[PDB]
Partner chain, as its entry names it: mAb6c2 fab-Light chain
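Next up: just one chain, as structure tokens, the form solved without its partner chain.
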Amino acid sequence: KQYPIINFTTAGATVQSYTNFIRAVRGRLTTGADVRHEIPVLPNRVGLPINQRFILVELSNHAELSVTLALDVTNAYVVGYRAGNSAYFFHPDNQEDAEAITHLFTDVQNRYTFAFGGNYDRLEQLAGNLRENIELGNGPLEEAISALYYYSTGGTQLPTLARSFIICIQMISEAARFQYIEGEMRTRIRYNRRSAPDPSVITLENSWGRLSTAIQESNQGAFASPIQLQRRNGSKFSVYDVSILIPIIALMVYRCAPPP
């Protein structure tokens, strides 16, 4: 089965090539049909044809190594990847997702399913480091592509693999979900400055599902409960309404149908 493929290379990467990549990814994740308070909602998992379930991100680096990440269109999240003759999948949450991933990389010679899921809690434990201690940028991405590629012949240990997934997920999935995080990566690429995400980034990533719920359930734009987020300096602030999120969040996971 063929899914839509978006290419990115770290080789001669610019602010514009990274931006064109992330815009292409958002374009393929959304039908455009569902928009709540100006923010697009990803397709509902329920009833979604398998032929429309995934998109593929092909990543190449200066070493001319390529890996293809599979993203689930329902949550923009990485479900697995291919490196040459091997494909690797996170442990699916449920039997429906276990069945869904049998449709990815169907021609690959070797298929592997990890015992662990792709959630940050587990990936941080395998990496031996939190996201706040893992640098992001074109350099970390170049390194993550090599690490993912060389897992296929065991040239990569599990902690380095896990760190590589944390880099890829943030620079692709989280950048697609948030204009703010795309902006943080664009600043790194423009000025050639690798750095770990600050608390403003980590708390947005943490809150994505909760912000998606809060916006979609909202009393015509206003939240039932205040979501707590962090400033760059790590101080906590409360978000009561959708207006402050429209500049920040690009995509939401489907929670419920639009209100009456």
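Positions refer to the first chain, counted from 1. Whichever C-alpha set is largest while still superposing within 1.5 Å between the two forms counts as the rigid core.
The stretch that strays farther, by root mean square C-alpha distance over structures and residues in 7 other deposited structures of this protein after a rigid core fit, is 219-227, when 219-227 is set against 47-55. Note on 3-11 and 250-258: with rigid core alignment, C-alpha atoms in 7 other deposited structures of this protein sit farther from this form for 250-258. Two stretches are in play, 15-23 and 236-244, and the higher mean C-alpha B-factor belongs to 236-244. Stretches 90-98 and 68-76 differ in mean C-alpha B factor, with the higher average recorded for 90-98. Among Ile202, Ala63, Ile55, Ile215, the highest C-alpha B-factor in the deposited entry belongs to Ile215. The PDB entry assigns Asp121 a C-alpha temperature factor belonging to the middle third of its chain's modelled residues. Among all modelled residues in its chain, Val41 ranks in the middle third by Cα B-factor. The PDB entry assigns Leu229 a C-alpha temperature factor belonging to the highest third of its chain's modelled residues. In this PDB entry, the Cα temperature factor of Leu59 sits in the bottom third of its chain's modelled residues, the lowest group. Among the modelled residues of its chain, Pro159 has a C-alpha B-factor that falls in the middle third, as given in the PDB entry.
Heads up, the form solved in complex with its partner chain isn't pictured, but that's what we're talking about next.
Of the heavy atoms in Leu48, some are within 4.5 Å of its partner chain in the deposited bound form.
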